[PDB]
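All remarks here apply to the structure that follows.
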Ligand SMILES: CCCCCCCCCCCCCCCCCC(=O)OC[C@H](COP(=O)([O-])OCC[N+](C)(C)C)OC(=O)CCCCCCCCCCCCCCCCC
Ligand code: HEC
Ligand code: HEM
Ligand code: HEM
Ligand code: HEM
Ligand code: HEM
Ligand code: FES
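Residue numbers (the deposited numbering), protein chains in the order written: chain QD, 3 to 243; chain QH, 2 to 86; chain QE, 52 to 101; chain Qe, 102 to 247; chain QF, 9 to 72; chain QC, 2 to 365; chain Qc, 2 to 365; chain QI, 1 to 70.
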């Protein structure tokens, strides 16, 4: 079996705490500038970004791309700048094309990736910061194969995607490999579960309300049981010699 | 309720009852805390003793299974570490 | 012990462990009625909100 | 009642369209010896190879223990001169490329799997062998895959 | 940069908390030399699982 | 006539809080029915739209479609947990004497297993597809008419859109039959009444009115178990599942380990511990049929009491079932666990539920 | 005890063949359930591929999917024909006295009307789309919530795949509730027995065993009715339908005439004969509520006999309903028929089912 | 204890459903729906405020403006 990812303290795995949204913003930056051409987000739309980005920024980002439009009056195909409601641009036309651009490998869709792997967020982090290790003995690596101990089998077809100072963050934080890995993992956690904070909040409210109901109903049950828990019996004796 | 199997059973088996006196207090005259701590203690002790009794065979068999589990787990670890798979 | 004449508890026991302490200023259990209904209110409130 | 039960049951039988793609017939004369040809059947790619005697001898020399998935040529591939395989790597999903393997046979480059001319996995992470469709040897000028 | 600290922490953890695993993987490296169809994937996976238990969290605390 | 409402049904006073498990199971049946009806109103069954319409439409286009889906999943898991506790209590208190109630309960259990399996099949993911494939490979081992049978089950040589559509119809239909069987369950129980902690024959003076005391106790226990349930819905939403079901189905790739849900694992063990496929099928059928009480019919049989040895053996049965589930999952990589798997399965198959008074007799 | 089977239930000897209409209705309910379950196992609800999978996949790829679909359509039509004859008979023999049976019957009639409508909606054709549009526009007239409620019902401003999915789930669900209500219908009937040609209070020496005589009569009448029903399934397969429903729906194009199915036309007439929308909705609700017998509740009421005058007026009711349906559909091109439509509706609304003894009394 | 207060409270609110129902509605609204629910909401919003979506958006607009001035 392969390496078990370590369990790391994530800010959203904490008491009374949710997504950082700063890591999410920075991970969006890394997504735009690094793995947008290779991996796809089939479930994320531009309007979904109106959660950590401003409305006008989302509008400009959407208009920065081109999307298919209804055919011309003569039936000719058309292109059109994107809008809020359009799904983000696919990187490849069809699987074959993808497999051709990655030397036979098919980069999966990352829309629910943290939910699709054992120990999701940790795994992804452990996957990205695990690429430079020495190759084990007796292992033959092609020119398009790399040793990552966390991938299933130990050999992966994804070239090391992260390098130091590759991305210039807007907020000034240095973009080292662990930092960028943390940010993309937070962004992909948001992509998989865009309902993290609402889920936690509803959980707290429901548990509190059920606790109130439980206390009151428990008192009333104890009260009603009093009639029977104190019952008394007496048998009139017989006439025995 | 009168046409039920348990009512039929009680009519067949039990006699016509006589000489039974029952006393009930309304719950408004009964304290919910009245017999609380004593019952907590007694029931806790009873359940401790009873589970100590009926849990012993399960404990013994679980100990034997734990021995077997440890043996097999370390055997398989040794097998994997020596490329004997 | 094979010819029973009583249940589980003797009157004395019940008089010492279940019956509330008397309140000579309140001979109609208004206190108990008020407390029970007020303590029921939260259950109804939670159920309605839910 | 008999016919009605038969009819309600027949509402759950395979659709005619699925019975049109069930079987295919591929002309085999045009393929010379020592050539591997890829075709499409049920979407699955299929490798047809006009296996020669050297491959038969080499694979018969292969024991029944050194193979991760123990199979023999007669056990899995009755047709001595024709090898029909499902061109899909068992470990994850990739198309084994023609030749380029350590056994002069099928090679999956995604993570480096090696399948001999018998389709049997020898090295790599593949847990099984290439699927063999229940192909049938039709007349000497065609082969019925299905 | 944090990458240099990461490498330093990995070395420290490997040589202070997984020394027995290091010795074992060195032992198994010698065994497979010459043998055909044998690799040290399992042993190296165990080594890098042991190392990252201690090295990885520390680095994870040095980044914002 | 409120008085006539109070006295319409009376039970024993020995109904400890352990006797609300039926009410908890009813709560979870209601939750599953409502959540499933809401999900089906947004569901399309096909190999091109199913997986997408769950993760891209249900969970991202509605306000709380994700919450509805998590309710459905964790409600299934907790329904099975509560039903297992219900069965264990029934065995502990020798409730097999309630013959009608027991038979209807076993029917309901088999039906619920079927419902859970067919529902898990609807998420056209990797685990769903390959669990279908493995179970159908079990099907095709029937002598003579197996292969044709398999085709009729699948409508083809592979799992396809028609297969998903028929599975969806089955998943929709069965829970309503389950509701009818629950009604029959309760009707029989009210005909024979509840055992309680100890079995006594009580006249009306020793019994108490069911309403409203036991309804209030049921509300209290239900609120507590709903707290426990919602802890999983909002904070452990994916703990009762396998991540490979978030990967869309790939008929060309098989997962590393195919594992069913935790509540079906024991059955899976019965298939891994029996090398012969036909023998495994026969033993599974005999296991299910033997849980019932349909034989003897016209031979005089009555039921005696239960004792401490039997209760301890029941605990042992629980231990053996848990060990068998874990080991049947573990045997894929480690082959030395077959010993303990087979040992636990044999121990499970040799557990006495009913003490045969026929054990003791004399020969002619 | 075969004898105990014969005597389990006994009825009157005056059961003419007209008293098999309930059995025929049950036959067509069974046919609808089975054919609908077979259709639903090949159905995808979505505006993109609904009309296509009915006409291209179900009908042309299965062996006899066409026959299944024709069975379903003509079974709906004949179920309504038999139910109308059933109601007409029950009005003729003064069966409003069977209070529980009558009320359950009216509830079942409303349910079946809903089932038929939601089913017709699923064929995403021109007629289906625009019938939905018209009905939901009638919903829009409710005071202070017509648009909020309409949006909630449709899931948007326009009929779409989510609307089709809601309709599919409701169409699947309702017939099972209908089966439960049929069970209750028969339970009540067995409690109070049947009327026959005339009403008599018979002791056991004047009653006959229900089984097998009336079962064989039911088989005979059902065989004849199935012959008549199959003359339509195989030779007039679209006599009750409208050709515009064989056109895929265009939301941009409105059909020349929007006509519902022949068993809803009377209701449609009530809508067309009342210019004010709110008044039309009120009249519809009052009509459906006045078909029942839920008032008076605690005032003493009893039912007397029926006479030739009432039977003649019953014939007049039938005539008025049929003419109203035909005219309601004709008025789209011929404005002068509004007079006759309104006249027929007025004659219908003032028909006396129950002759009230409160018609005669004195004043203080 | 509190005999007089108990009598007063019972006679005022609890004796009639015409007042007990309004009392329980008041309890539902002012002490469950705007006291536990809204209070937990406010507490959650307050704890996690340095990482808030609002905060992120504000900082983003600020930085965008700052970058546009170059
Ligand atoms: C007192 C009770 C004693 C015990 C008996 C009762 C047990 C509980 C009920 C058992 C299940 C009953 C299922 C009935 C539904 C029809 C089943 C069926 O055809 O499945 C197709 C299924 C389809 O297969 P499948 O895919 O559903 O099977 C599951 C397979 N995997 C492993 C992939 C999950 O079977 C067939 O198609 C085989 C041929 C069927 C021929 C008969 C068709 C009947 C059509 C009309 C049905 C009408 C139902 C509605 C009316 C009755 C209910 C109100
Ligand atoms: C060069 C193009 C490329 C880039 C850039 C890239 N990837 Fe990949 N990625 C791939 C390919 C190809 C695969 C398929 C690997 C396989 O199946 O062997 C892959 C696989 C993956 C997987 C799957 C691992 C598993 O366990 O299956 C994840 C997660 C992933 N990439 C995440 C990322 C992230 C996060 C980034 C940005 C840091 C990124 N990738 C950048 C091409 C790329
Ligand atoms: C009529 C009632 C029900 C309907 C209409 C229904 C409908 C559905 C639908 C449409 C799905 C697929 C959507 C999804 O996967 O999230 C589903 C999934 C499922 N259902 Fe149901 N269901 C019903 C009752 C039940 C019951 C009683 C159970 C058993 C406890 C059950 C167990 C499941 C399971 C296990 C799944 C898959 C869980 C998963 O998505 O991972 N359902 N159901
Ligand atoms: C949907 C699942 C089930 C539900 C909703 C259910 C519901 C109920 C209810 C409400 C009761 C009465 C309350 C109680 O005593 O707990 C009950 C009792 C009972 N059930 Fe079930 N049940 C289910 C499954 C089963 C199963 C699988 C069995 C096993 C055969 C079973 C056997 C019994 C027995 C024996 C009793 C009576 C116990 C006694 O009083 O002695 N039930 N059930
Ligand atoms: C659970 C039982 C039923 C199921 C699952 C069911 C399912 C379906 C489905 C999937 C359709 C669309 C396919 C098609 O249009 O041919 C349909 C159509 C229809 N159903 Fe049902 N149905 C059921 C019972 C009934 C009943 C009792 C009626 C009452 C008459 C009914 C009346 C209709 C009508 C009128 C249509 C449209 C007719 C047409 O295709 O032109 N269905 N049903
Ligand atoms: C699903 C549709 C229906 C079915 C299957 C059905 C079935 C039956 C059956 C089997 C009977 C007893 C046998 C007979 O007398 O023909 C019956 C009687 C009766 N039904 Fe229905 N029925 C249906 C709809 C209705 C409706 C809509 C009404 C109107 C209120 C109604 C009113 C009655 C009455 C009054 C009787 C007793 C007549 C008498 O004996 O005097 N039924 N029905
Ligand atoms: S995908 Fe074939 S070697 Fe990995």
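C-beta atoms are modelled at their ideal positions from N, C-alpha and C, and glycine is treated no differently.
Going by the CB atoms, is the gap between residue 56 of chain QC and residue 119 of chain QC shorter than 8 Å? no
I want to verify the contact list: residues of chain QC whose CB lies under 7 Å from the CB of residue 115 of chain Qe, in sequence order. 152, 156 and 157
Using 8 Å as the Cβ pair cut-off and three pairs as the minimum, do the stretch 51-71 of chain Qc and the stretch 112-122 of chain Qe touch? The stretch 51-71 of chain Qc is in contact with the stretch 112-122 of chain Qe.
Same chain only: Cβ atoms within 8 Å of residue 227 of chain Qc, ignoring 5 sequence neighbours per side: 28
Could you tell me the boundaries of the alpha helix (DSSP H) in which residue 329 of chain QC lies? Segment 309-331, the alpha helix (DSSP H) holding residue 329 of chain QC.
Please list the partners that residue 209 of chain QC has in chain QD, where partner means a Cβ-to-Cβ separation under 8 Å. 230
Mind pulling the chain QD residues with CB within less than 9 Å of residue 196 of chain Qe? In chain order, 101 and 106 make up the part of chain QD whose C-beta sits under 9 Å from the C-beta of residue 196 of chain Qe.
Between which two residues does the alpha helix (DSSP H) harbouring residue 67 of chain QH extend? 57-82
CA nearest to the CA of residue 152 of chain QD, picked from QD:99, QD:120 and QD:82: QD:120
List the residues of chain QD whose Cβ lies closer than 7 Å to the Cβ of residue 220 of chain QC, in chain order. Result: 219.
Using the C-alpha atoms, what's the distance from residue 279 of chain QC back to residue 149 of chain QC? Answer to the nearest angstrom: the Cα atoms are 17 Å apart.
Is the Cβ of residue 141 of chain Qe closer than 8 Å to any Cβ of chain QC? no
For a test of your reading of the model: does the CB of residue 26 of chain Qc fall under 7 Å from any non-hydrogen atom of ligand 6? Yes or no. Correct: residue 26 of chain Qc has its Cβ closer than 7 Å to ligand 6.
Run the proximity test for residue 153 of chain Qc: is its beta-carbon closer than 7 Å to any non-hydrogen atom belonging to ligand 4? no
Cα separation between residue 274 of chain Qc and residue 328 of chain Qc? 10 Å
To the nearest angstrom, how far is it from the Cα of residue 292 of chain QC to the Cα of residue 57 of chain QH? 26 Å
Pairing CB atoms from the stretch 204-222 of chain QD with CB atoms from the stretch 55-64 of chain QD, are three or more of them under 8 Å? no
Out of curiosity, what's the CA-to-CA distance linking residue 147 of chain QD and residue 62 of chain QD? 38 Å
Proximity of residue 68 of chain QD and residue 123 of chain QD at Cβ, strictly below 8 Å: no
Using the three-state DSSP reduction, which class does residue 235 of chain QD fall into: helix, strand or coil? strand
Measure the Cβ-Cβ separation of residue 218 of chain Qc and residue 11 of chain Qc and say whether it is below 8 Å. no
Starting from residue 52 of chain QF, find everything on chain QD with Cβ-Cβ shorter than 7 Å and list it in chain order. 138 and 151
Under 8 Å: do the stretch 237-254 of chain Qc and the stretch 125-132 of chain Qc share three or more Cβ pairs, one atom per stretch? Taking 8 Å as the limit for Cβ pairs, the verdict is that the stretch 125-132 of chain Qc does touch the stretch 237-254 of chain Qc.
Residue burial classification, residue 126 of chain QD (beta-carbon count within 10 angstroms, cutoff 16): Classified as buried, residue 126 of chain QD has 16 or more neighbouring CB atoms from the shown chains inside 10 Å of its CB.
Partners in chain QD for residue 27 of chain QH, counting only beta-carbon separations shorter than 9 Å: 228 and 229
So does residue 13 of chain QH have its beta carbon nearer than 7 Å to some heavy atom of ligand 3? no
By the criterion of Cβ-Cβ separation under 7 Å, what are the contact partners of residue 156 of chain QD in chain QF? 49 and 53
Cutoff 8 Å: residue 36 of chain QH Cβ touching any chain QE Cβ: So, interface residue.
Check whether the Cβ atoms of residue 90 of chain Qc and residue 19 of chain Qc lie closer than 8 Å to each other. yes
Could you give the first and the last residue of the continuous alpha helix (DSSP H) run that contains residue 65 of chain QF? 49-69
Any residues in the stretch 161-177 of chain Qc with a beta carbon nearer than 7 Å to a beta carbon of chain QC? Which ones, in chain order? 163, 166, 167, 170, 173 and 177
Contact under 8 Å by Cβ, residue 160 of chain QC with residue 116 of chain QC: Going by C-beta atoms, residue 160 of chain QC is not nearer than 8 Å to residue 116 of chain QC.
Could you tell me the alpha carbon to alpha carbon distance between residue 351 of chain QC and residue 321 of chain QC, rounded to whole angstroms? 11 Å
On the DSSP letters alone, give me the boundaries of the beta strand (DSSP E) that residue 147 of chain Qe sits inside. 145-150
With distances taken Cα to Cα, identify the nearest neighbour of residue 307 of chain Qc among Qc:357, Qc:222 and Qc:333. Comparing Cα-Cα distances from residue 307 of chain Qc to each of Qc:357, Qc:222 and Qc:333, the minimum goes to Qc:357.
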